[PDB]
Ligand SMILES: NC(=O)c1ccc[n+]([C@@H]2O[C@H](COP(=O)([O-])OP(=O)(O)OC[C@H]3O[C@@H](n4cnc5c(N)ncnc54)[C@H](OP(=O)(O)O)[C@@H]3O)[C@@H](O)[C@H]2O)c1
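Quick setup: one chain, the form solved without this ligand, written in structure tokens, and binding and motion questions come after.
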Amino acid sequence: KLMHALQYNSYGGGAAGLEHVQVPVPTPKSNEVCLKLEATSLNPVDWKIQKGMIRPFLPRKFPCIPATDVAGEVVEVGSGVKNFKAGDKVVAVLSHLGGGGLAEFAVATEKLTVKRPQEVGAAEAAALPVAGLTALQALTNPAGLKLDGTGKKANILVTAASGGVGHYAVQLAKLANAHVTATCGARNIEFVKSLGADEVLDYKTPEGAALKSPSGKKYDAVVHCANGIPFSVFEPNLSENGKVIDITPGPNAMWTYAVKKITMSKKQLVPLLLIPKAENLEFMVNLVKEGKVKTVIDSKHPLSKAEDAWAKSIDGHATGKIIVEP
């Protein structure tokens, strides 16, 4: 049997290089489940890979069916799978950031598959893994926040807060009882405010460009989802041992990190390298089930027009998360 999918065949083609195809339905390996997809979300790293940001390592092969964040129903399980059976609703992270999400079916490893409770729809779940776990990891590891009421107090800054990672980060930080400052564009100020941010800066204004807290807060940590801001801009806004947590770091961020750690600066730049874990996804899924975290969907698009979604992703102005269905 064949399935619809989208793929690209080389670097740099953008949405135009995204091509509709029919490929074999995958067979799960022994530790895998095969999913009939119900929803897939896009992440910026998906088109960055296409652009060549992580060449030659990714993709492993052309052509590449992109996207990793999915939700669907199990239809076949590998010979070593115990926790899942045909008919289970799940959310998963597709493996090794090697795509498979823009298709009708995908295989996920059992380790990166988590049950989807009835109360959580497919789109709102598929939106979670990369963006949500990234936010979750930024705030609980380098920012060191606790999500109950244990937890040290903190001043947190979220740049590009209306985007995928940013909109989860703002919500997560308020659960950790942090004071939250956010930057975004004029159009999204009310929306970010509604996510619970205490202060919202328009990054087009001198104050916003300066990342200057209106109440004069210094930030203990920054969830930095935006681009093009030198450390020098952050530095005077940081507390004594403040950290800039760089989301989706490139080669330059990784080296700047090395030398700063080397030279022992008190104010630190921390790249966030996501390690997705089932427990954390479960945790996030449950927050969404309890309504403690809200998944905001920017737009939905059918697989037959997924190039539209891709283009929306590349253009960078999504509010929340972009969804392709399946």
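One-based numbering along the sequence shown. Superpose the two forms; the largest set of C-alphas matching within 1.5 Å is the rigid core.
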The stretch whose C-alpha atoms carry the larger average B-factor in the entry, 34-42 or 264-272, is 264-272
Return whichever of 17-25 and 301-309 has the greater mean Cα B factor according to the PDB record. 301-309
C-alpha B-factor winner, where the candidates are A71, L157, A178, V74: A178
Per the deposited entry, the peak Cα B-factor within the set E235, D246, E104, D220 goes to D220
Quick check for you: using the entry's CA B-factors within this chain, is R60 in the lowest, middle or highest third? highest
So where's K321 on the chain's Cα temperature factor ranking, which third? middle
Place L94 in the lowest, middle or highest third of its chain's C-alpha B-factors, as listed in the PDB entry. lowest
Binned into thirds over the chain's modelled residues, the C-alpha B-factor of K174 lands in the middle
Chain thirds of CA B-factor: placement of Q118: highest
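The same protein also has a form solved in complex with this ligand, omitted here; what follows describes it.
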If you check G316, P24, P302, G12 against this ligand in the deposited complex, which one has a heavy atom within 4.5 Å? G316
This ligand in the deposited complex has a heavy atom of only one listed residue within 4.5 Å, and of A39, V288, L274, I297 that residue is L274
Give a yes or no for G101: in the deposited complex, does one of its heavy atoms lie within 4.5 Å of a heavy atom belonging to this ligand? no
Taking 4.5 angstroms as the cut-off for heavy atoms, does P117 touch this ligand in the deposited complex? no
Can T256 be called a contact residue for this ligand in the deposited complex at 4.5 Å between heavy atoms? no
Verify the contact flag for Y203: yes if a non-hydrogen atom of it lies within 4.5 Å of a non-hydrogen atom of this ligand in the deposited complex, no if not. yes
Pick from 240-248, 172-180, 142-150, 101-109: which stretch has non-hydrogen atoms within 4.5 Å of this ligand in the deposited complex? 240-248
Would you indicate which listed residue, out of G78, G151, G98, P117, moves its Cα by 2 Å or more between the shown form and the other one relative to the superposed core? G98
Which is it in the deposited complex for the CA atoms of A318 and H96, closer or farther than here, knowing they shift by 3 Å or more? closer
Having a change of 3 Å or more in the C-alpha distance between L97 and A318, I'd like to know whether it is closer or farther in the deposited complex than in the form here. farther
